[PDB]
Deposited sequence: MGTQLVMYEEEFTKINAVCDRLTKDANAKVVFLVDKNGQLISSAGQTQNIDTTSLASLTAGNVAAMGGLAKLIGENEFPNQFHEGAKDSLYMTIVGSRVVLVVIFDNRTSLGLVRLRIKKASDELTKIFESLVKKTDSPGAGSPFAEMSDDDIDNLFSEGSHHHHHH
């Protein structure tokens, strides 16, 4: 694992980008997931829905598409679309290790979603453009369970 840390400086902005998209594109949910499976942020009606499972399946899906694209001599497909009769889902790779996901009611045209997503993604790379362990001792670890 690459030891990665996120201070409330950049966390607060990332969450703001997300709740923008759910309000504007009338998304039922929005969330942001690392390629390795780690959920970074969500937004929307995340009650009664398991965003931790969603993030894990999403990163698995994207990684499998990643290997397939590489197998037929392509680059990672920049996004994926999946229409549903009730709720549909669109996702896009934002940078080199992140994935933004939007699922929405089909009472919201695909055109409006890929619109707000052009900006939110561009907004997210603008944010990316910008210790508990020091006082820890082995009793803190051994006493964990």
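Several segments of the deposited sequence are absent from the coordinates, namely 1, 132-142, 158-167.
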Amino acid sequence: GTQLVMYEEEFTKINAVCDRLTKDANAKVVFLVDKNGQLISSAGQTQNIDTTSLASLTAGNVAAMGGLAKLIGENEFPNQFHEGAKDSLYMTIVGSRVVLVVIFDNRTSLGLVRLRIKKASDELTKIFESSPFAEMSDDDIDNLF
From here on, numbers count along this sequence of modelled residues.
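When the mean C-alpha temperature factors of 57-65 and 25-33 are read from the deposited coordinates, 25-33 comes out higher. In this entry, 81-89 shows the higher mean Cα temperature factor of the pair 35-43 and 81-89. When the modelled residues of the chain are ordered by their C-alpha B factor, residue 120 lands in the highest third. Ranked within its chain, residue 103 lands in the middle third, by CA B factor from the PDB record. Per the deposited record, the Cα B-factor of residue 136 falls in the lowest third when ranked against the other modelled residues of its chain.
Among all modelled residues in its chain, residue 96 ranks in the middle third by Cα B-factor.
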